[PDB]
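Have a look at model-v7.pdb; it's PDB, N, CA and C atoms:
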```
ATOM      1  N   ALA A   1      -3.439 -16.399 -25.027
ATOM      2  CA  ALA A   1      -4.035 -17.385 -25.921
ATOM      3  C   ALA A   1      -5.066 -16.735 -26.838
ATOM      4  N   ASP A   2      -4.902 -16.927 -28.143
ATOM      5  CA  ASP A   2      -5.802 -16.361 -29.138
ATOM      6  C   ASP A   2      -6.533 -17.486 -29.876
ATOM      7  N   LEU A   3      -7.162 -17.126 -30.997
ATOM      8  CA  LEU A   3      -7.973 -18.085 -31.743
ATOM      9  C   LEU A   3      -7.132 -19.236 -32.280
ATOM     10  N   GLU A   4      -5.920 -18.942 -32.759
ATOM     11  CA  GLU A   4      -5.070 -19.998 -33.298
ATOM     12  C   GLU A   4      -4.658 -20.983 -32.212
ATOM     13  N   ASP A   5      -4.367 -20.483 -31.008
ATOM     14  CA  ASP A   5      -4.070 -21.374 -29.893
ATOM     15  C   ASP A   5      -5.278 -22.235 -29.545
ATOM     16  N   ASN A   6      -6.482 -21.656 -29.591
ATOM     17  CA  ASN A   6      -7.688 -22.428 -29.295
ATOM     18  C   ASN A   6      -7.894 -23.541 -30.313
ATOM     19  N   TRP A   7      -7.675 -23.242 -31.594
ATOM     20  CA  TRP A   7      -7.786 -24.254 -32.637
ATOM     21  C   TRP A   7      -6.810 -25.401 -32.395
ATOM     22  N   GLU A   8      -5.561 -25.076 -32.057
ATOM     23  CA  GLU A   8      -4.581 -26.128 -31.811
ATOM     24  C   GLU A   8      -4.866 -26.866 -30.506
ATOM     25  N   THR A   9      -5.466 -26.189 -29.522
ATOM     26  CA  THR A   9      -5.903 -26.884 -28.313
ATOM     27  C   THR A   9      -6.945 -27.945 -28.645
ATOM     28  N   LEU A  10      -7.869 -27.629 -29.555
ATOM     29  CA  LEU A  10      -8.822 -28.632 -30.015
ATOM     30  C   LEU A  10      -8.104 -29.809 -30.662
ATOM     31  N   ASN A  11      -7.098 -29.528 -31.495
ATOM     32  CA  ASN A  11      -6.361 -30.598 -32.160
ATOM     33  C   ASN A  11      -5.627 -31.481 -31.156
ATOM     34  N   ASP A  12      -4.942 -30.872 -30.183
ATOM     35  CA  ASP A  12      -4.194 -31.668 -29.213
ATOM     36  C   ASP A  12      -5.123 -32.556 -28.399
ATOM     37  N   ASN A  13      -6.273 -32.026 -27.986
ATOM     38  CA  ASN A  13      -7.162 -32.829 -27.160
ATOM     39  C   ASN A  13      -7.951 -33.856 -27.959
ATOM     40  N   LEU A  14      -8.154 -33.635 -29.260
ATOM     41  CA  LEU A  14      -8.668 -34.714 -30.096
ATOM     42  C   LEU A  14      -7.682 -35.872 -30.143
ATOM     43  N   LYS A  15      -6.382 -35.567 -30.146
ATOM     44  CA  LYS A  15      -5.383 -36.628 -30.087
ATOM     45  C   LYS A  15      -5.428 -37.348 -28.745
ATOM     46  N   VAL A  16      -5.599 -36.603 -27.650
ATOM     47  CA  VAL A  16      -5.738 -37.231 -26.337
ATOM     48  C   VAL A  16      -6.906 -38.209 -26.341
ATOM     49  N   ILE A  17      -8.044 -37.785 -26.894
ATOM     50  CA  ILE A  17      -9.218 -38.652 -26.919
ATOM     51  C   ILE A  17      -8.953 -39.889 -27.765
ATOM     52  N   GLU A  18      -8.324 -39.707 -28.928
ATOM     53  CA  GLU A  18      -8.012 -40.834 -29.802
ATOM     54  C   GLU A  18      -7.167 -41.885 -29.085
ATOM     55  N   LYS A  19      -6.206 -41.448 -28.273
ATOM     56  CA  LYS A  19      -5.270 -42.341 -27.600
ATOM     57  C   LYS A  19      -5.751 -42.796 -26.228
ATOM     58  N   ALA A  20      -6.910 -42.326 -25.776
ATOM     59  CA  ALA A  20      -7.348 -42.596 -24.416
ATOM     60  C   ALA A  20      -7.715 -44.063 -24.230
ATOM     61  N   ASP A  21      -7.580 -44.529 -22.988
ATOM     62  CA  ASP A  21      -7.952 -45.887 -22.626
ATOM     63  C   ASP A  21      -9.190 -45.968 -21.750
ATOM     64  N   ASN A  22      -9.567 -44.887 -21.069
ATOM     65  CA  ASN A  22     -10.718 -44.928 -20.180
ATOM     66  C   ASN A  22     -11.525 -43.644 -20.303
ATOM     67  N   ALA A  23     -12.712 -43.671 -19.690
ATOM     68  CA  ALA A  23     -13.661 -42.571 -19.826
ATOM     69  C   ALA A  23     -13.195 -41.318 -19.099
ATOM     70  N   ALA A  24     -12.459 -41.475 -17.995
ATOM     71  CA  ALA A  24     -11.967 -40.313 -17.264
ATOM     72  C   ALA A  24     -11.022 -39.489 -18.124
ATOM     73  N   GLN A  25     -10.151 -40.159 -18.882
ATOM     74  CA  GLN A  25      -9.247 -39.451 -19.782
ATOM     75  C   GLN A  25     -10.017 -38.727 -20.877
ATOM     76  N   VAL A  26     -11.033 -39.383 -21.444
ATOM     77  CA  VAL A  26     -11.857 -38.751 -22.471
ATOM     78  C   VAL A  26     -12.582 -37.536 -21.904
ATOM     79  N   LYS A  27     -13.098 -37.648 -20.676
ATOM     80  CA  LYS A  27     -13.783 -36.517 -20.051
ATOM     81  C   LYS A  27     -12.856 -35.320 -19.873
ATOM     82  N   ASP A  28     -11.618 -35.556 -19.423
ATOM     83  CA  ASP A  28     -10.674 -34.455 -19.235
ATOM     84  C   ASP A  28     -10.410 -33.732 -20.549
ATOM     85  N   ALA A  29     -10.190 -34.490 -21.624
ATOM     86  CA  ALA A  29      -9.863 -33.871 -22.903
ATOM     87  C   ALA A  29     -11.071 -33.162 -23.498
ATOM     88  N   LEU A  30     -12.259 -33.761 -23.375
ATOM     89  CA  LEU A  30     -13.468 -33.077 -23.823
ATOM     90  C   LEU A  30     -13.694 -31.785 -23.053
ATOM     91  N   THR A  31     -13.342 -31.763 -21.766
ATOM     92  CA  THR A  31     -13.436 -30.537 -20.981
ATOM     93  C   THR A  31     -12.567 -29.443 -21.586
ATOM     94  N   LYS A  32     -11.323 -29.782 -21.920
ATOM     95  CA  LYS A  32     -10.437 -28.795 -22.520
ATOM     96  C   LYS A  32     -10.922 -28.381 -23.903
ATOM     97  N   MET A  33     -11.516 -29.309 -24.662
ATOM     98  CA  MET A  33     -12.088 -28.933 -25.952
ATOM     99  C   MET A  33     -13.221 -27.935 -25.772
ATOM    100  N   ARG A  34     -14.084 -28.172 -24.785
ATOM    101  CA  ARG A  34     -15.224 -27.288 -24.570
ATOM    102  C   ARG A  34     -14.765 -25.902 -24.145
ATOM    103  N   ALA A  35     -13.776 -25.839 -23.246
ATOM    104  CA  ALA A  35     -13.232 -24.552 -22.827
ATOM    105  C   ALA A  35     -12.634 -23.797 -24.005
ATOM    106  N   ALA A  36     -11.870 -24.490 -24.853
ATOM    107  CA  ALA A  36     -11.263 -23.831 -26.004
ATOM    108  C   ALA A  36     -12.309 -23.409 -27.027
ATOM    109  N   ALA A  37     -13.383 -24.189 -27.174
ATOM    110  CA  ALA A  37     -14.455 -23.809 -28.091
ATOM    111  C   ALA A  37     -15.186 -22.566 -27.598
ATOM    112  N   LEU A  38     -15.377 -22.450 -26.282
ATOM    113  CA  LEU A  38     -15.979 -21.246 -25.718
ATOM    114  C   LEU A  38     -15.084 -20.027 -25.924
ATOM    115  N   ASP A  39     -13.777 -20.176 -25.694
ATOM    116  CA  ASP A  39     -12.861 -19.063 -25.923
ATOM    117  C   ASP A  39     -12.853 -18.654 -27.390
ATOM    118  N   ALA A  40     -12.809 -19.635 -28.292
ATOM    119  CA  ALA A  40     -12.738 -19.328 -29.717
ATOM    120  C   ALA A  40     -14.024 -18.674 -30.205
ATOM    121  N   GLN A  41     -15.163 -19.073 -29.634
ATOM    122  CA  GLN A  41     -16.451 -18.534 -30.056
ATOM    123  C   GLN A  41     -16.538 -17.030 -29.833
ATOM    124  N   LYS A  42     -15.806 -16.509 -28.854
ATOM    125  CA  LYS A  42     -15.828 -15.086 -28.546
ATOM    126  C   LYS A  42     -14.826 -14.282 -29.364
ATOM    127  N   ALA A  43     -13.998 -14.939 -30.168
ATOM    128  CA  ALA A  43     -12.985 -14.260 -30.960
ATOM    129  C   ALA A  43     -13.534 -13.847 -32.322
ATOM    130  N   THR A  44     -12.825 -12.916 -32.958
ATOM    131  CA  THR A  44     -13.124 -12.523 -34.325
ATOM    132  C   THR A  44     -12.108 -13.163 -35.254
ATOM    133  N   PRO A  45     -12.516 -14.058 -36.149
ATOM    134  CA  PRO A  45     -11.553 -14.729 -37.028
ATOM    135  C   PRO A  45     -10.933 -13.739 -38.004
ATOM    136  N   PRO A  46      -9.733 -14.036 -38.511
ATOM    137  CA  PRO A  46      -9.041 -13.042 -39.359
ATOM    138  C   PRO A  46      -9.825 -12.642 -40.597
ATOM    139  N   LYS A  47     -10.381 -13.610 -41.326
ATOM    140  CA  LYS A  47     -11.123 -13.292 -42.541
ATOM    141  C   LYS A  47     -12.417 -12.532 -42.274
ATOM    142  N   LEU A  48     -12.800 -12.333 -41.011
ATOM    143  CA  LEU A  48     -14.034 -11.632 -40.675
ATOM    144  C   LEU A  48     -13.799 -10.385 -39.830
ATOM    145  N   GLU A  49     -12.540 -10.003 -39.591
ATOM    146  CA  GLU A  49     -12.268  -8.715 -38.960
ATOM    147  C   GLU A  49     -12.860  -7.577 -39.778
ATOM    148  N   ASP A  50     -12.946  -7.768 -41.094
ATOM    149  CA  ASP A  50     -13.671  -6.863 -41.977
ATOM    150  C   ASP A  50     -15.114  -6.686 -41.517
ATOM    151  N   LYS A  51     -15.826  -7.798 -41.355
ATOM    152  CA  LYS A  51     -17.278  -7.793 -41.275
ATOM    153  C   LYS A  51     -17.773  -7.154 -39.978
ATOM    154  N   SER A  52     -19.077  -6.879 -39.956
ATOM    155  CA  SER A  52     -19.779  -6.440 -38.763
ATOM    156  C   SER A  52     -20.023  -7.631 -37.838
ATOM    157  N   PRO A  53     -20.063  -7.398 -36.523
ATOM    158  CA  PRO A  53     -20.202  -8.522 -35.580
ATOM    159  C   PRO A  53     -21.459  -9.354 -35.779
ATOM    160  N   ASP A  54     -22.472  -8.838 -36.477
ATOM    161  CA  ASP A  54     -23.700  -9.584 -36.726
ATOM    162  C   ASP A  54     -23.855  -9.973 -38.192
ATOM    163  N   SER A  55     -22.755 -10.007 -38.943
ATOM    164  CA  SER A  55     -22.804 -10.440 -40.328
ATOM    165  C   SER A  55     -23.175 -11.919 -40.400
ATOM    166  N   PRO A  56     -23.726 -12.365 -41.533
ATOM    167  CA  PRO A  56     -24.026 -13.799 -41.679
ATOM    168  C   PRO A  56     -22.804 -14.686 -41.526
ATOM    169  N   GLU A  57     -21.614 -14.177 -41.849
ATOM    170  CA  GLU A  57     -20.401 -14.967 -41.675
ATOM    171  C   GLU A  57     -20.037 -15.101 -40.202
ATOM    172  N   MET A  58     -20.160 -14.014 -39.436
ATOM    173  CA  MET A  58     -19.851 -14.080 -38.012
ATOM    174  C   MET A  58     -20.872 -14.928 -37.266
ATOM    175  N   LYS A  59     -22.140 -14.867 -37.677
ATOM    176  CA  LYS A  59     -23.131 -15.775 -37.110
ATOM    177  C   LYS A  59     -22.808 -17.219 -37.472
ATOM    178  N   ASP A  60     -22.347 -17.452 -38.704
ATOM    179  CA  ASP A  60     -21.861 -18.777 -39.081
ATOM    180  C   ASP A  60     -20.749 -19.235 -38.152
ATOM    181  N   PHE A  61     -19.784 -18.350 -37.900
ATOM    182  CA  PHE A  61     -18.637 -18.687 -37.066
ATOM    183  C   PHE A  61     -19.069 -19.034 -35.646
ATOM    184  N   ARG A  62     -19.822 -18.137 -35.003
ATOM    185  CA  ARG A  62     -20.233 -18.378 -33.623
ATOM    186  C   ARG A  62     -21.189 -19.554 -33.517
ATOM    187  N   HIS A  63     -22.042 -19.747 -34.516
ATOM    188  CA  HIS A  63     -22.968 -20.863 -34.441
ATOM    189  C   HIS A  63     -22.281 -22.191 -34.728
ATOM    190  N   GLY A  64     -21.207 -22.178 -35.518
ATOM    191  CA  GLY A  64     -20.398 -23.373 -35.663
ATOM    192  C   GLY A  64     -19.806 -23.837 -34.349
ATOM    193  N   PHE A  65     -19.565 -22.904 -33.426
ATOM    194  CA  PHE A  65     -19.078 -23.284 -32.107
ATOM    195  C   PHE A  65     -20.213 -23.670 -31.164
ATOM    196  N   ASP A  66     -21.400 -23.074 -31.314
ATOM    197  CA  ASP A  66     -22.566 -23.561 -30.577
ATOM    198  C   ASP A  66     -22.853 -25.018 -30.919
ATOM    199  N   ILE A  67     -22.846 -25.347 -32.213
ATOM    200  CA  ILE A  67     -23.036 -26.732 -32.633
ATOM    201  C   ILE A  67     -21.921 -27.607 -32.077
ATOM    202  N   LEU A  68     -20.682 -27.118 -32.155
ATOM    203  CA  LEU A  68     -19.546 -27.883 -31.657
ATOM    204  C   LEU A  68     -19.665 -28.140 -30.158
ATOM    205  N   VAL A  69     -20.046 -27.116 -29.387
ATOM    206  CA  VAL A  69     -20.170 -27.281 -27.939
ATOM    207  C   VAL A  69     -21.283 -28.271 -27.604
ATOM    208  N   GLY A  70     -22.407 -28.193 -28.319
ATOM    209  CA  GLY A  70     -23.473 -29.161 -28.099
ATOM    210  C   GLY A  70     -23.037 -30.580 -28.406
ATOM    211  N   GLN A  71     -22.237 -30.752 -29.459
ATOM    212  CA  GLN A  71     -21.728 -32.077 -29.783
ATOM    213  C   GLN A  71     -20.684 -32.542 -28.773
ATOM    214  N   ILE A  72     -19.887 -31.621 -28.228
ATOM    215  CA  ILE A  72     -18.976 -31.976 -27.142
ATOM    216  C   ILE A  72     -19.763 -32.440 -25.922
ATOM    217  N   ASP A  73     -20.862 -31.748 -25.607
ATOM    218  CA  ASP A  73     -21.711 -32.170 -24.498
ATOM    219  C   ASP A  73     -22.298 -33.554 -24.744
ATOM    220  N   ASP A  74     -22.692 -33.847 -25.987
ATOM    221  CA  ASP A  74     -23.191 -35.186 -26.290
ATOM    222  C   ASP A  74     -22.110 -36.233 -26.063
ATOM    223  N   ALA A  75     -20.862 -35.904 -26.410
ATOM    224  CA  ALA A  75     -19.765 -36.838 -26.187
ATOM    225  C   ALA A  75     -19.456 -36.979 -24.703
ATOM    226  N   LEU A  76     -19.573 -35.886 -23.942
ATOM    227  CA  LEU A  76     -19.384 -35.968 -22.498
ATOM    228  C   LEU A  76     -20.419 -36.881 -21.857
ATOM    229  N   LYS A  77     -21.662 -36.834 -22.342
ATOM    230  CA  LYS A  77     -22.697 -37.701 -21.788
ATOM    231  C   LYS A  77     -22.349 -39.168 -21.998
ATOM    232  N   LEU A  78     -21.860 -39.515 -23.190
ATOM    233  CA  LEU A  78     -21.400 -40.878 -23.434
ATOM    234  C   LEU A  78     -20.280 -41.258 -22.473
ATOM    235  N   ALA A  79     -19.293 -40.373 -22.307
ATOM    236  CA  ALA A  79     -18.176 -40.678 -21.418
ATOM    237  C   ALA A  79     -18.635 -40.786 -19.970
ATOM    238  N   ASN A  80     -19.596 -39.949 -19.563
ATOM    239  CA  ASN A  80     -20.119 -40.017 -18.202
ATOM    240  C   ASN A  80     -20.850 -41.321 -17.924
ATOM    241  N   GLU A  81     -21.299 -42.018 -18.961
ATOM    242  CA  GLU A  81     -21.921 -43.326 -18.815
ATOM    243  C   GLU A  81     -20.921 -44.462 -18.971
ATOM    244  N   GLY A  82     -19.633 -44.149 -19.101
ATOM    245  CA  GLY A  82     -18.615 -45.162 -19.279
ATOM    246  C   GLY A  82     -18.423 -45.641 -20.700
ATOM    247  N   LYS A  83     -19.112 -45.040 -21.672
ATOM    248  CA  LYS A  83     -19.095 -45.505 -23.061
ATOM    249  C   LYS A  83     -17.903 -44.881 -23.785
ATOM    250  N   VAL A  84     -16.719 -45.443 -23.520
ATOM    251  CA  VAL A  84     -15.472 -44.845 -24.001
ATOM    252  C   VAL A  84     -15.408 -44.866 -25.523
ATOM    253  N   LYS A  85     -15.669 -46.030 -26.125
ATOM    254  CA  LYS A  85     -15.552 -46.149 -27.576
ATOM    255  C   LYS A  85     -16.579 -45.278 -28.287
ATOM    256  N   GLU A  86     -17.809 -45.238 -27.766
ATOM    257  CA  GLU A  86     -18.830 -44.352 -28.318
ATOM    258  C   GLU A  86     -18.392 -42.894 -28.247
ATOM    259  N   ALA A  87     -17.799 -42.489 -27.122
ATOM    260  CA  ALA A  87     -17.371 -41.102 -26.972
ATOM    261  C   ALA A  87     -16.208 -40.781 -27.897
ATOM    262  N   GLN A  88     -15.301 -41.740 -28.096
ATOM    263  CA  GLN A  88     -14.190 -41.520 -29.015
ATOM    264  C   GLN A  88     -14.683 -41.377 -30.447
ATOM    265  N   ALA A  89     -15.674 -42.182 -30.838
ATOM    266  CA  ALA A  89     -16.243 -42.042 -32.172
ATOM    267  C   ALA A  89     -16.951 -40.703 -32.324
ATOM    268  N   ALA A  90     -17.634 -40.250 -31.270
ATOM    269  CA  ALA A  90     -18.277 -38.941 -31.324
ATOM    270  C   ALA A  90     -17.243 -37.836 -31.478
ATOM    271  N   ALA A  91     -16.089 -37.990 -30.822
ATOM    272  CA  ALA A  91     -15.043 -36.981 -30.918
ATOM    273  C   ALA A  91     -14.481 -36.901 -32.331
ATOM    274  N   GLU A  92     -14.367 -38.045 -33.015
ATOM    275  CA  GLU A  92     -13.941 -38.033 -34.413
ATOM    276  C   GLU A  92     -14.854 -37.157 -35.261
ATOM    277  N   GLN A  93     -16.162 -37.212 -35.006
ATOM    278  CA  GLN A  93     -17.105 -36.430 -35.791
ATOM    279  C   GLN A  93     -17.042 -34.946 -35.464
ATOM    280  N   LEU A  94     -16.440 -34.574 -34.331
ATOM    281  CA  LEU A  94     -16.219 -33.163 -34.041
ATOM    282  C   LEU A  94     -15.326 -32.502 -35.080
ATOM    283  N   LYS A  95     -14.494 -33.282 -35.777
ATOM    284  CA  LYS A  95     -13.672 -32.723 -36.846
ATOM    285  C   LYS A  95     -14.503 -32.358 -38.067
ATOM    286  N   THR A  96     -15.579 -33.101 -38.332
ATOM    287  CA  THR A  96     -16.479 -32.746 -39.426
ATOM    288  C   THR A  96     -17.087 -31.368 -39.204
ATOM    289  N   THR A  97     -17.573 -31.111 -37.988
ATOM    290  CA  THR A  97     -18.130 -29.803 -37.670
ATOM    291  C   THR A  97     -17.050 -28.731 -37.699
ATOM    292  N   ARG A  98     -15.916 -29.005 -37.050
ATOM    293  CA  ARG A  98     -14.833 -28.031 -36.986
ATOM    294  C   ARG A  98     -14.349 -27.641 -38.378
ATOM    295  N   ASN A  99     -14.216 -28.617 -39.279
ATOM    296  CA  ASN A  99     -13.682 -28.324 -40.605
ATOM    297  C   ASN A  99     -14.712 -27.637 -41.494
ATOM    298  N   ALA A 100     -15.989 -28.003 -41.367
ATOM    299  CA  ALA A 100     -16.990 -27.481 -42.291
ATOM    300  C   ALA A 100     -17.501 -26.112 -41.866
ATOM    301  N   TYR A 101     -17.636 -25.884 -40.562
ATOM    302  CA  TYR A 101     -18.183 -24.628 -40.068
ATOM    303  C   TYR A 101     -17.126 -23.534 -39.959
ATOM    304  N   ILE A 102     -15.962 -23.858 -39.397
ATOM    305  CA  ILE A 102     -15.052 -22.845 -38.895
ATOM    306  C   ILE A 102     -13.787 -22.690 -39.741
ATOM    307  N   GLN A 103     -13.294 -23.767 -40.364
ATOM    308  CA  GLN A 103     -12.000 -23.705 -41.044
ATOM    309  C   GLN A 103     -11.965 -22.632 -42.128
ATOM    310  N   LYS A 104     -13.083 -22.409 -42.824
ATOM    311  CA  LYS A 104     -13.096 -21.456 -43.931
ATOM    312  C   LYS A 104     -12.939 -20.007 -43.484
ATOM    313  N   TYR A 105     -12.870 -19.741 -42.179
ATOM    314  CA  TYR A 105     -12.710 -18.386 -41.674
ATOM    315  C   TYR A 105     -11.336 -18.113 -41.083
ATOM    316  N   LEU A 106     -10.491 -19.128 -40.945
ATOM    317  CA  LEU A 106      -9.182 -18.957 -40.327
ATOM    318  C   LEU A 106      -8.163 -18.411 -41.322
TER     319      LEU A 106
END
```

Rewritten as structure tokens:
Amino acid sequence: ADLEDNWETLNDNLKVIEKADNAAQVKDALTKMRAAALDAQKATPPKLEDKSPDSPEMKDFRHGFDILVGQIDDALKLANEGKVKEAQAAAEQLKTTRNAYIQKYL
């Protein structure tokens, strides 16, 4: 599994969350999103294989996943309280972070 697989894992589990009926299902999918975000954060995106590991672009990339993981944790907290609809709405906003921070490097 590489960075592209991790990106598609995020997409598949966002669909799981969208279609979920209860908080347990949302928690499972958020778990897989968090795992894939951690794996992707350690990868070097194609457009940045050029750059040095501490370039402003690579810091952008890794920090986009720090923000994403923190937002996944916020959604997990909602799901852990039984707030299914709140957690699903939070998951929708994970696409805003994913698209704005990370997409420009794939």

- Item | Pick from A:98, A:44, A:54, A:93 nearest to residue 66 (chain A), counting only C-alpha atoms |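 The shortest atom-to-atom distance to residue 66 (chain A) comes from A:98.
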
*asked:* Which residues are close to residue 78 (chain A), i.e. within 10 Å by only C-alpha atoms, leaving aside same-chain residues fewer than 3 positions away? Reply as a list in words.
replied: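 That gives residues 23, 26, 27, 72, 73, 74, 75, 81, 82, 83, 84, 85, 86, 87, 88 and 90 of chain A.
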
Output check: residues returned by the PyMOL selection byres (((chain A and resi 102 and name CA) around 12) and name CA), as an mmCIF file with N, CA and C atoms, in the frame of the given file:
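And here's selection_0.cif as it stands now:
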```cif
data_model
loop_
_atom_site.group_PDB
_atom_site.id
_atom_site.type_symbol
_atom_site.label_atom_id
_atom_site.label_comp_id
_atom_site.auth_asym_id
_atom_site.auth_seq_id
_atom_site.Cartn_x
_atom_site.Cartn_y
_atom_site.Cartn_z
ATOM 1 N N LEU A 3 -7.162 -17.126 -30.997
ATOM 2 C CA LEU A 3 -7.973 -18.085 -31.743
ATOM 3 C C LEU A 3 -7.132 -19.236 -32.280
ATOM 4 N N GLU A 4 -5.920 -18.942 -32.759
ATOM 5 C CA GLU A 4 -5.070 -19.998 -33.298
ATOM 6 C C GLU A 4 -4.658 -20.983 -32.212
ATOM 7 N N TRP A 7 -7.675 -23.242 -31.594
ATOM 8 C CA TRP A 7 -7.786 -24.254 -32.637
ATOM 9 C C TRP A 7 -6.810 -25.401 -32.395
ATOM 10 N N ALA A 37 -13.383 -24.189 -27.174
ATOM 11 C CA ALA A 37 -14.455 -23.809 -28.091
ATOM 12 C C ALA A 37 -15.186 -22.566 -27.598
ATOM 13 N N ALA A 40 -12.809 -19.635 -28.292
ATOM 14 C CA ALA A 40 -12.738 -19.328 -29.717
ATOM 15 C C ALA A 40 -14.024 -18.674 -30.205
ATOM 16 N N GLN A 41 -15.163 -19.073 -29.634
ATOM 17 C CA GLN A 41 -16.451 -18.534 -30.056
ATOM 18 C C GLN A 41 -16.538 -17.030 -29.833
ATOM 19 N N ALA A 43 -13.998 -14.939 -30.168
ATOM 20 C CA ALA A 43 -12.985 -14.260 -30.960
ATOM 21 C C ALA A 43 -13.534 -13.847 -32.322
ATOM 22 N N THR A 44 -12.825 -12.916 -32.958
ATOM 23 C CA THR A 44 -13.124 -12.523 -34.325
ATOM 24 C C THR A 44 -12.108 -13.163 -35.254
ATOM 25 N N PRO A 45 -12.516 -14.058 -36.149
ATOM 26 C CA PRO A 45 -11.553 -14.729 -37.028
ATOM 27 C C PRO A 45 -10.933 -13.739 -38.004
ATOM 28 N N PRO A 46 -9.733 -14.036 -38.511
ATOM 29 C CA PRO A 46 -9.041 -13.042 -39.359
ATOM 30 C C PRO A 46 -9.825 -12.642 -40.597
ATOM 31 N N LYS A 47 -10.381 -13.610 -41.326
ATOM 32 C CA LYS A 47 -11.123 -13.292 -42.541
ATOM 33 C C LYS A 47 -12.417 -12.532 -42.274
ATOM 34 N N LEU A 48 -12.800 -12.333 -41.011
ATOM 35 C CA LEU A 48 -14.034 -11.632 -40.675
ATOM 36 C C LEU A 48 -13.799 -10.385 -39.830
ATOM 37 N N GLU A 57 -21.614 -14.177 -41.849
ATOM 38 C CA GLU A 57 -20.401 -14.967 -41.675
ATOM 39 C C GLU A 57 -20.037 -15.101 -40.202
ATOM 40 N N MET A 58 -20.160 -14.014 -39.436
ATOM 41 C CA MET A 58 -19.851 -14.080 -38.012
ATOM 42 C C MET A 58 -20.872 -14.928 -37.266
ATOM 43 N N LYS A 59 -22.140 -14.867 -37.677
ATOM 44 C CA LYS A 59 -23.131 -15.775 -37.110
ATOM 45 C C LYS A 59 -22.808 -17.219 -37.472
ATOM 46 N N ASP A 60 -22.347 -17.452 -38.704
ATOM 47 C CA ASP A 60 -21.861 -18.777 -39.081
ATOM 48 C C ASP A 60 -20.749 -19.235 -38.152
ATOM 49 N N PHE A 61 -19.784 -18.350 -37.900
ATOM 50 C CA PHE A 61 -18.637 -18.687 -37.066
ATOM 51 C C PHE A 61 -19.069 -19.034 -35.646
ATOM 52 N N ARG A 62 -19.822 -18.137 -35.003
ATOM 53 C CA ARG A 62 -20.233 -18.378 -33.623
ATOM 54 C C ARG A 62 -21.189 -19.554 -33.517
ATOM 55 N N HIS A 63 -22.042 -19.747 -34.516
ATOM 56 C CA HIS A 63 -22.968 -20.863 -34.441
ATOM 57 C C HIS A 63 -22.281 -22.191 -34.728
ATOM 58 N N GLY A 64 -21.207 -22.178 -35.518
ATOM 59 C CA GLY A 64 -20.398 -23.373 -35.663
ATOM 60 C C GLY A 64 -19.806 -23.837 -34.349
ATOM 61 N N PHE A 65 -19.565 -22.904 -33.426
ATOM 62 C CA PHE A 65 -19.078 -23.284 -32.107
ATOM 63 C C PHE A 65 -20.213 -23.670 -31.164
ATOM 64 N N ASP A 66 -21.400 -23.074 -31.314
ATOM 65 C CA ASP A 66 -22.566 -23.561 -30.577
ATOM 66 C C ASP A 66 -22.853 -25.018 -30.919
ATOM 67 N N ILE A 67 -22.846 -25.347 -32.213
ATOM 68 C CA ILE A 67 -23.036 -26.732 -32.633
ATOM 69 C C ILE A 67 -21.921 -27.607 -32.077
ATOM 70 N N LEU A 68 -20.682 -27.118 -32.155
ATOM 71 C CA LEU A 68 -19.546 -27.883 -31.657
ATOM 72 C C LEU A 68 -19.665 -28.140 -30.158
ATOM 73 N N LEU A 94 -16.440 -34.574 -34.331
ATOM 74 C CA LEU A 94 -16.219 -33.163 -34.041
ATOM 75 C C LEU A 94 -15.326 -32.502 -35.080
ATOM 76 N N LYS A 95 -14.494 -33.282 -35.777
ATOM 77 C CA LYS A 95 -13.672 -32.723 -36.846
ATOM 78 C C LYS A 95 -14.503 -32.358 -38.067
ATOM 79 N N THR A 96 -15.579 -33.101 -38.332
ATOM 80 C CA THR A 96 -16.479 -32.746 -39.426
ATOM 81 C C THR A 96 -17.087 -31.368 -39.204
ATOM 82 N N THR A 97 -17.573 -31.111 -37.988
ATOM 83 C CA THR A 97 -18.130 -29.803 -37.670
ATOM 84 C C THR A 97 -17.050 -28.731 -37.699
ATOM 85 N N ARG A 98 -15.916 -29.005 -37.050
ATOM 86 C CA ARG A 98 -14.833 -28.031 -36.986
ATOM 87 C C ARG A 98 -14.349 -27.641 -38.378
ATOM 88 N N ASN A 99 -14.216 -28.617 -39.279
ATOM 89 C CA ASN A 99 -13.682 -28.324 -40.605
ATOM 90 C C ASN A 99 -14.712 -27.637 -41.494
ATOM 91 N N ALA A 100 -15.989 -28.003 -41.367
ATOM 92 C CA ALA A 100 -16.990 -27.481 -42.291
ATOM 93 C C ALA A 100 -17.501 -26.112 -41.866
ATOM 94 N N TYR A 101 -17.636 -25.884 -40.562
ATOM 95 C CA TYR A 101 -18.183 -24.628 -40.068
ATOM 96 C C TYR A 101 -17.126 -23.534 -39.959
ATOM 97 N N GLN A 103 -13.294 -23.767 -40.364
ATOM 98 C CA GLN A 103 -12.000 -23.705 -41.044
ATOM 99 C C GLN A 103 -11.965 -22.632 -42.128
ATOM 100 N N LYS A 104 -13.083 -22.409 -42.824
ATOM 101 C CA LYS A 104 -13.096 -21.456 -43.931
ATOM 102 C C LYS A 104 -12.939 -20.007 -43.484
ATOM 103 N N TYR A 105 -12.870 -19.741 -42.179
ATOM 104 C CA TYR A 105 -12.710 -18.386 -41.674
ATOM 105 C C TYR A 105 -11.336 -18.113 -41.083
ATOM 106 N N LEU A 106 -10.491 -19.128 -40.945
ATOM 107 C CA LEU A 106 -9.182 -18.957 -40.327
ATOM 108 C C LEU A 106 -8.163 -18.411 -41.322
#
```

Problem set entry | Answer as a PyMOL selection string, residues within 7 Å of (-5.3, -36.1, -21.9) using only N, CA and C atoms | chain A and resi 13+15-17+25-26+28-29

- Message: According to DSSP computed on the backbone, where in chain A is there alpha helix (DSSP H)? Give the residues as a PyMOL selection string.
- Response: chain A and resi 3-19+23-41+56-80+84-97

Restricting to all atoms listed in the file, whichever of A:69, A:91, A:35, A:79 is closest to residue 6 (chain A) is A:35

Enclose all atoms of region 47-63 of chain A listed in the file in an axis-aligned box, grow every side by 5 Å, and hand back centre and edge lengths in Å to one decimal, as lines of an AutoDock Vina configuration file.
```
center_x = -17.2
center_y = -14.3
center_z = -38.0
size_x = 23.6
size_y = 25.8
size_z = 19.0
```

Exercise for the section: Check the smallest atom-to-atom distance from each of A:9, A:2, A:24, A:70 to residue 39 (chain A) using all atoms listed in the file, then report the winner. Expected result: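 For residue 39 (chain A), the nearest of the given residues is A:2.
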